[PDB]
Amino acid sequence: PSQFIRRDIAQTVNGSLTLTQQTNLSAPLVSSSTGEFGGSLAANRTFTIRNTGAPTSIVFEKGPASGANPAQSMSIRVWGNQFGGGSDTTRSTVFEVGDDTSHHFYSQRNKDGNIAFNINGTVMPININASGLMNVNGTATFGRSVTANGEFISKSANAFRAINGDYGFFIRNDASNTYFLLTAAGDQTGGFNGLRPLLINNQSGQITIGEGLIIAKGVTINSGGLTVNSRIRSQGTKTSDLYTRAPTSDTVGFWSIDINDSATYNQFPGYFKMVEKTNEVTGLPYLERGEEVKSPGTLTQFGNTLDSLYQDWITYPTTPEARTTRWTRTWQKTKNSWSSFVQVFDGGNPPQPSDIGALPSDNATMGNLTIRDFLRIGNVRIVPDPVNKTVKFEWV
């Protein structure tokens, strides 16, 4: 009969055809069913995966465990949960790539319209150039410099640390004081040792330096004064010409100098070897100056200006008979000279009668004396006898 396929009219074929030679088409192939090719496949321009109610995907099979094959199969799936009526409906459009175990990564647009690219592990780029914000929850390490156009802010008590060689140096704000601190040697990332180089009180701003301070090029305290425990060495500049040296703006002020070299101290006043004499009548001793002897001593200056300046010279003894004598002088700005050193009068260096214009108590000579009431010589009193217009004698 005509149970054969017509070659020129539209035919429905109810046999299962097996084409053993190349099949050539020049018109659309339209199937309601599946396709399977045991060889490779190619199409022009576009491949569309149609969706009739279940999300579309591509599957990349792992194949046998040999050659260049993967350990697991992979897929690309385009899906969402906006329409699923679940507890999460915010994953509107998701492009997900992953294997049998879990996703590797996905991009998604959420219901709010914003895009996220999630990586289920470590992102390893060469460079990073982000136009927006960065947040990193874990520890960060940088191999070179880090430059910000803004401020670096730490919320950690130990905030900024510089490590080099054996030591970490760090700034610590402990909420009460901010400290500059140091580690033990070889403990560069660890805690502070016992040193307290510098701290600032967070409330008052007062600074404490705890391990000593050296300053070069001068100090000025503008206000509030100075308290020192427990000595001050103000060390004057010792020059060969101290005896005659005019003060300058650099050398005014308080200082002391140990003048211990004879080339200098021979120019200054000496001490006097003292000679003890004894009053013939009372037996009380008194001192008189013997020879002047040059001596080392301390030169101390006081006063703050080229007008207001004076010095003290205190000899110090370096031999058994040596004694200390003090001398003073004043800078005379208008005369452009030091006053001459004058000796301080003290119990070790008293003034003599001849220094003051007083009669010696012993062996004295004078031009004239007037006695009002009586002169006694040994046991005779000589008194005025105005009646006989003379003097009366009077044994006692």
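In this text, residue numbers run from 1 along the sequence as written.
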* Structure fact -> Ranked by mean Cα B-factor in the entry, 47-55 and 355-363, top stretch is 47-55
* Asked: Between 80-88 and 145-153, which has the larger average Cα B-factor in the PDB entry?
  -> 80-88
* To do: Consider only the C-alpha atoms of the modelled residues in this chain, order them by B-factor as the entry records it, and name the third containing residue 65: lowest, middle or highest.
  => highest
* Classify residue 162 as lowest, middle or highest third according to the C-alpha B-factor given in the PDB entry, relative to its own chain. => middle
* State the tercile, meaning the lowest, middle or highest third, of residue 273 with respect to the CA B-factors recorded for its chain. => middle
* Going by what the PDB entry lists, where does residue 332 fall on CA B-factor within its chain: lowest, middle or highest third? -> lowest
* Structure fact -> Of the three thirds of the chain ranked by Cα temperature factor, residue 190 occupies the highest
